[PDB]
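Colleague: Below: one structure in structure tokens.
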Amino acid sequence: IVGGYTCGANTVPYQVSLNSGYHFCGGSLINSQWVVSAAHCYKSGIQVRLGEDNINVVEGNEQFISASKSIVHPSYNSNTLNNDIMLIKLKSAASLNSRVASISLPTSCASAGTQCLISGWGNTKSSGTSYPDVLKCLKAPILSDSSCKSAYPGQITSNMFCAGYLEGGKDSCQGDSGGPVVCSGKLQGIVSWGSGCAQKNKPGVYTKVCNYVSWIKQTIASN
Ligand SMILES: N=C(N)c1ccc(CNC(=O)[C@@H]2CCCN2C(=O)CNC2CCCC2)cc1
Ligand SMILES: [Ca+2]
């Protein structure tokens, strides 16, 4: 997260870290046994880490639970990142508490101009590399689809939306991948792609979660 701030410990209690010996992606807890992330975060041997603030220090509210299954969206295309969403099931139900909490799926999509919260353990530099070890936050509005499409002609689908700031300086970044965009109490976006981080006229691109709520609800009910 570039241009953001320290959230504070467990203030984003639906935020998860995906770990396979190291943090490699974010995710969102949507109920005691299931996580949503980006399909580009798929890999085998994932351990879900809940209740995290400093990801390099055991502070006392963590839950580490191995994934039992992963389900990438059936229409995921890795080249275009269309349908960049996956579901991960926990080997055992998480113990839900104030620091480990699920985030509601939308009932309908969010509008351009709605303010959201984006969070993650990703790079904080727009030039160069620096990884934070505590969770970083960023409040960012959803941008018009046309500004989105003008930034990335022919690369935006109906399953993507842009958020952030066209002037640059504030954006998500590598390592934030699969992490949440929460607007009005609902998970509306997943950190998916962009060009560089916090560059002028290159806003962040997010998976459009409202399009996938029926798929999510059907898939968890059958798995
Ligand atoms: N500036 C940002 N908001 C931002 C930029 C990049 C990321 C991380 N995501 C990525 O790097 C993703 C996953 C693997 C390939 N990838 C890409 O961005 C590759 N670029 C193409 C653009 C059209 C679809 C794929 C996360 C956030
Ligand atoms: Ca920790």
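Ordering of the structure tokens sets the chain letters (A, B, ...); residue numbers start at 1 within each chain; ligands are numbered from 1 in the order shown.
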Give the residue list for ligand 1 at 9 Å, counting only C-alpha atoms and all ligand atoms, as an MDAnalysis selection string, sorted by chain and then by residue number.
Modeller: chainID A and resid 1:2 38:41 77:82 122 126 152 155:156 162:164 171:178 191:199 202:206
Colleague: Show me which residues are within 8 Å of ligand 2 counting only C-alpha atoms and all ligand atoms, and format the list as a ChimeraX atom specification.
Modeller: /A:51-62
Colleague: Determine which residues of range 4-208 of chain A DSSP labels as strand (DSSP E) from the backbone of this structure, then write them out as a ChimeraX atom specification.
Modeller: /A:5-6,15-19,23-31,34-37,47-50,63-72,86-90,115-120,136-141,160-163,180-183,186-193,204-208
Colleague: Just the number, please: distance in Å from CA of residue 7 in chain A to CA of residue 103 in chain A, one decimal.
Modeller: 16.7 Å
Colleague: Run DSSP on the backbone and tell me which residues of chain A come out as alpha helix (DSSP H); list them as number ranges by chain.
Modeller: A: 145-151, 213-221
Colleague: Generate the output file for the selected residues, C-alpha atoms, as a PDB file, in the first residue's frame.
Modeller:
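As a result, again-v3.pdb now contains:
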```
ATOM      1  CA  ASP A 145     -15.420   3.046 -15.632  1.00  0.00           C
ATOM      2  CA  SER A 146     -14.464   5.457 -18.451  1.00  0.00           C
ATOM      3  CA  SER A 147     -11.459   6.858 -16.598  1.00  0.00           C
ATOM      4  CA  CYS A 148     -10.604   3.230 -15.866  1.00  0.00           C
ATOM      5  CA  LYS A 149     -10.906   2.193 -19.506  1.00  0.00           C
ATOM      6  CA  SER A 150      -9.037   5.263 -20.687  1.00  0.00           C
ATOM      7  CA  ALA A 151      -6.084   4.350 -18.489  1.00  0.00           C
ATOM      8  CA  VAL A 213     -21.766 -13.385  -5.210  1.00  0.00           C
ATOM      9  CA  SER A 214     -24.006 -16.080  -6.709  1.00  0.00           C
ATOM     10  CA  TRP A 215     -20.960 -18.149  -7.695  1.00  0.00           C
ATOM     11  CA  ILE A 216     -19.462 -17.714  -4.234  1.00  0.00           C
ATOM     12  CA  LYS A 217     -22.663 -18.683  -2.400  1.00  0.00           C
ATOM     13  CA  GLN A 218     -23.247 -21.672  -4.657  1.00  0.00           C
ATOM     14  CA  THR A 219     -19.660 -22.876  -4.484  1.00  0.00           C
ATOM     15  CA  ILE A 220     -19.356 -22.748  -0.688  1.00  0.00           C
ATOM     16  CA  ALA A 221     -22.704 -24.439  -0.267  1.00  0.00           C
TER      17      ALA A 221
END
```
Colleague: Which of these, A:86, A:140, A:67, A:93, has the shortest distance to residue 19 in chain A once you count only C-alpha atoms?
Modeller: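 Selected residue with least distance to residue 19 in chain A: A:67.
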Colleague: Quick one: which range 101-192 of chain A residues come within 12 Å of range 9-15 of chain A, and what is the nearest atom pair for each with the distance in Å to one decimal, counting only C-alpha atoms, rows ordered by chain and ascending number, as a tab-separated table?
Modeller:
```
residue	atom	partner	partner_atom	distance
A:101	CA	A:14	CA	5.0
A:102	CA	A:14	CA	5.0
A:103	CA	A:14	CA	5.7
A:104	CA	A:14	CA	9.5
A:105	CA	A:14	CA	11.8
A:117	CA	A:12	CA	9.4
A:118	CA	A:12	CA	9.8
A:119	CA	A:15	CA	7.7
A:120	CA	A:15	CA	7.8
A:121	CA	A:15	CA	10.2
A:133	CA	A:9	CA	11.4
A:134	CA	A:9	CA	7.8
A:135	CA	A:9	CA	7.6
A:136	CA	A:12	CA	9.8
A:137	CA	A:12	CA	8.9
A:138	CA	A:12	CA	11.6
A:176	CA	A:15	CA	10.7
A:177	CA	A:15	CA	11.9
A:178	CA	A:15	CA	10.1
A:179	CA	A:15	CA	7.1
A:180	CA	A:15	CA	7.0
A:181	CA	A:15	CA	10.1
A:182	CA	A:14	CA	10.0
A:185	CA	A:14	CA	11.2
A:186	CA	A:14	CA	11.0
A:187	CA	A:14	CA	9.8
A:190	CA	A:15	CA	11.4
```
Colleague: What does the structure give for the distance between CA of residue 112 in chain A and CA of residue 183 in chain A, in Å to one decimal?
Modeller: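 Separation of CA of residue 112 in chain A and CA of residue 183 in chain A: 11.0 Å.
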Colleague: Rank nothing, just name the residue among A:8, A:29, A:70, A:154 nearest to residue 223 in chain A, using only C-alpha atoms.
Modeller: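 For residue 223 in chain A, the nearest of the given residues is A:70.
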Colleague: Taking into account only C-alpha atoms, which residue in the set A:85, A:16, A:50, A:110 is nearest to residue 37 in chain A?
Modeller: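 Of the candidates, the smallest distance to residue 37 in chain A is held by A:85.
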Colleague: Quick one: distance from CA of residue 106 in chain A to CA of residue 209 in chain A in Å, one decimal?
Modeller: 7.7 Å
